[PDB]
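For reference, the structure discussed in these notes is given below.
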Amino acid sequence: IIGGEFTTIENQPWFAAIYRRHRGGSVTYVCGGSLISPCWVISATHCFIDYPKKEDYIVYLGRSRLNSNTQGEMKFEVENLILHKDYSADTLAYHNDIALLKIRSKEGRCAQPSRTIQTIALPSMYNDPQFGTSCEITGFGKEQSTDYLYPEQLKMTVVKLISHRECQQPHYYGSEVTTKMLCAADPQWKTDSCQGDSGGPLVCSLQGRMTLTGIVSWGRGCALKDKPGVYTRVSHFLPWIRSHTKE
Amino acid sequence: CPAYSXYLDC
Ligand SMILES: N=C(N)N1CCCCC1
């Protein structure tokens, strides 16, 4: 998150922190995700497409910090890693960038809701907020584009939804953005998602209910003028989500 | 220039 503010997991208690174990045993952060039911976390396929093997991953819930334990957190293996079969990418734009992780602790349990661990509602189909609506984004990604390190403490910020029309203009993204994606940015371009935020939630309050409107997917640079963040538009994937989770 | 997700403009 470029700009924004520090936070803790109580303020985003569906947020899941996803890590990968390496051949020789070191563990590194991959991406964010969101708890949509006790046994299911939703994230972005590009985060997993190089290492598609479920045994490689660890998922935490109720974690506020990148490299230390938060009291109350829960740790899970990935029982199934489900990537979208229509995924595609060109160096920039990912299409169908959506993934499901079925989670299971070493005790064979799913998430148990607590003060730090809660689910986030999915949107109704094809039901998104008006462009110009402010929404929130959360993650442990870079705080500056040139940074070498990720922040140790979780961050959040606020960005405004931008119309497909504005985002499709050649000085924005042209044809790279489709109607299965949502753009969102700050009006000053001073805050945005960045590397390491992918997979995480774009949450918007749709008539009082906090809703997973988007999943961080891509963008050119971070907080760069005329280059919004681009998010998977969750309300266009409900059948996919319902099928793969009912599983 | 081109052109990666995430990092720099170029
Ligand atoms: N929001 C943008 N600019 N991003 C989000 C995803 C990774 C890198 C850049």
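Per-structure values
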read-out	value
Pair list, Cβ < 7 Å and 6+ apart or interchain, from region A:180-198 residues that are more than 6 Å from the ligand (Cβ to nearest atom) to residues that are assigned to a loop (DSSP other than H, G, I, E, B) and aromatic (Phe, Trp, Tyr)	A:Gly196/A:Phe140; A:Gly196/A:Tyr150
Unmet criterion (only one of (1) crowded, with 24+ Cβ neighbours inside 10 Å; (2) within 14 Å of another protein chain (Cβ to nearest Cβ); (3) more than 13 Å from the ligand (Cβ to nearest atom)) for A:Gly174	(1)
Residue list for region A:94-117, restricted to those being surrounded by fewer than 21 Cβ atoms within 10 Å (Cβ to Cβ) and out of contact with any helix residue (DSSP H, G or I) (no Cβ under 9 Å at 6 or more places or on another chain)	A:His95, A:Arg104, A:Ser105, A:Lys106, A:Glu107, A:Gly108, A:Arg109, A:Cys110, A:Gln112, A:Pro113, A:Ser114
Residue check for A:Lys225: within 13 Å of chain B (Cβ to nearest Cβ) and exposed (fewer than 15 other Cβ atoms within 10 Å of the Cβ)	yes
Residue in region A:126-136 that is at positive phi and out of contact with any helix residue (DSSP H, G or I) (no Cβ under 9 Å at 6 or more places or on another chain) present	yes
So A:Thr213, is it crowded, with 22+ Cβ neighbours inside 10 Å, touching a residue at least 40 places away in the same chain (Cβ under 8 Å), under 21 Å from A:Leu61 (Cα atoms) and away from the ligand (no atom under 11 Å from the Cβ)	yes
Flag if A:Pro239 is without any contact (Cβ under 8 Å) to a residue 24 or more places away in the chain, away from the ligand (no atom under 15 Å from the Cβ) and closer than 14 Å to A:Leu122 by Cβ	yes
Residue check for A:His84: of a type outside the set (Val, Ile, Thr), under 18 Å from A:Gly214 (Cβ atoms) and within 14 Å of chain B (Cβ to nearest Cβ)	no
Qualifying residue in region A:70-85 (condition: within 22 Å of B:Unk6 (Cα to Cα) and assigned to a loop (DSSP other than H, G, I, E, B))	yes
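Quick grid of which residues meet (1) within 14 Å of another protein chain (Cβ to nearest Cβ); (2) part of a strand (DSSP E or B); (3) within 17 Å of the chain's Cα centre (by Cα):
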residue	(1), (2), (3)
A:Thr91	yes, no, no
A:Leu100	no, yes, yes
A:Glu107	no, no, no
A:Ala111	no, no, no
A:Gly132	no, no, no
A:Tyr150	yes, no, yes
A:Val158	no, yes, yes
A:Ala184	no, yes, yes
A:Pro187	no, no, no
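No value in this document is a laboratory result; all are computed from the given coordinates. Don't worry about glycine lacking a Cβ; one is built from the backbone with ideal geometry, like all the others, and counts go over all protein chains shown.
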